[PDB]
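The block underneath contains the structure these notes are about, expressed in structure tokens.
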Amino acid sequence: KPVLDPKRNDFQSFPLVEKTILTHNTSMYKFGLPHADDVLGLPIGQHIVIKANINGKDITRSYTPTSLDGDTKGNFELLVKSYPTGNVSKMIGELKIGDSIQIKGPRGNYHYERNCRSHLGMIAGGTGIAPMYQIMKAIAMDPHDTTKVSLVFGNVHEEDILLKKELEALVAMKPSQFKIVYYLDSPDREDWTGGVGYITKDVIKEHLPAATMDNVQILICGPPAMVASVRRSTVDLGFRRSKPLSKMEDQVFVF
Ligand SMILES: Cc1cc2nc3c(=O)[nH]c(=O)nc-3n(C[C@H](O)[C@H](O)[C@H](O)COP(=O)(O)OP(=O)(O)OC[C@H]3O[C@@H](n4cnc5c(N)ncnc54)[C@H](O)[C@@H]3O)c2cc1C
Ligand SMILES: [Cl-]
Ligand SMILES: [Cl-]
Ligand SMILES: [Cl-]
């Protein structure tokens, strides 16, 4: 029984049942569903939206749960990074156990289907890993999905990297299908051995599939400066220009 239903296109309330810290500003949040056998019902590629009433406004933002129907019943799980002057993210970071959130879904133009592409090149920064992780996890857990995934995941320093151990476990499931490189612009520590710097044209050319590969797609999600930089790099590398309104058929798709 899926809780999200496009025919009942309204907000619904779900209570916070568990909260686990990932970093000083980021936690995993587990929200309860009405029945122990319920699943969220979120198609792969799509997100939920969460509404907070703040400063006289209904403010809504997109979140991609880390849980899938196939591994999570009776609840759903989100990763949320809170900012000091955030809005919806600040509300979430103020919830106590038992408080509820108002959500609506599913939403989004990315409708992932098994083997719809031969190779996904993923470019993520910060919480932009969330839409990527959902897709890679689905592909990892589907024993008939052969889609190659090459992810370049850029952050400023070590404490900003999210889901690294989870991602590495997905690689270990399909080590011939999945490739991840981590970049840090400015590592804090001398024991970083991943990539150094930000995601440049040269990084994308080295690590992601080329624009000439049949049925390839580039997926992008991150803060606006990263998105503008990497979009320009993909055009310079011969990918088709991402469309103002990203649609699933586009060669470069921005979340
Ligand atoms: C498809 C999609 C999936 C997403 N999934 C997730 C997810 O699973 N988890 C998650 O935590 N977020 C996710 N995001 C990001 C999320 O939608 C919000 O942008 C984020 O939570 C900030 O919302 P806000 O209302 O708190 O801040 P806003 O109202 O957007 O901004 C208010 C202030 O907060 C600060 N701020 C906001 N965003 C940033 C930022 N990126 N870096 C630095 N400061 C910032 C700035 O000071 C800004 O002025 C996703 C976004 C998309 C498009
Ligand atoms: Cl609506
Ligand atoms: Cl939306
Ligand atoms: Cl296109």
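Per Swiss-Prot, chain A residues shown: 30-284, in order.
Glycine too: its Cβ is placed from the backbone N, Cα and C atoms.
These features come from Swiss-Prot:
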type	residues	note
BINDING	122-137, 148-180	FAD binding site
DOMAIN	38-142	domain 'FAD-binding FR-type'
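Projection of Swiss-Prot feature records onto the structure.
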| residue | record | CB count, 10 Å |
| --- | --- | --- |
| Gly122 | FAD binding site | 18 |
| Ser129 | FAD binding site | 13 |
| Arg136 | FAD binding site | 14 |
| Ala153 | FAD binding site | 28 |
| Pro160 | FAD binding site | 26 |
| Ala167 | FAD binding site | 21 |
| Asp174 | FAD binding site | 17 |
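Per-class residue totals from DSSP over the domain 'FAD-binding FR-type' (38-142), listed helix then strand then coil: 7 helix, 50 strand, 48 coil. Filtering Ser129, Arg136, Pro160, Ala167, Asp174 by Cβ distance to ligand 1 (under 6 A) retains the following binding-site residues: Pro160. For ligand 3, the binding-site residues lying close by, meaning a CB under 6 A from one of its atoms, are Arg136; the full candidate list was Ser129, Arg136, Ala167, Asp174. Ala167 (FAD binding site) carries a helical DSSP state (H, G or I).
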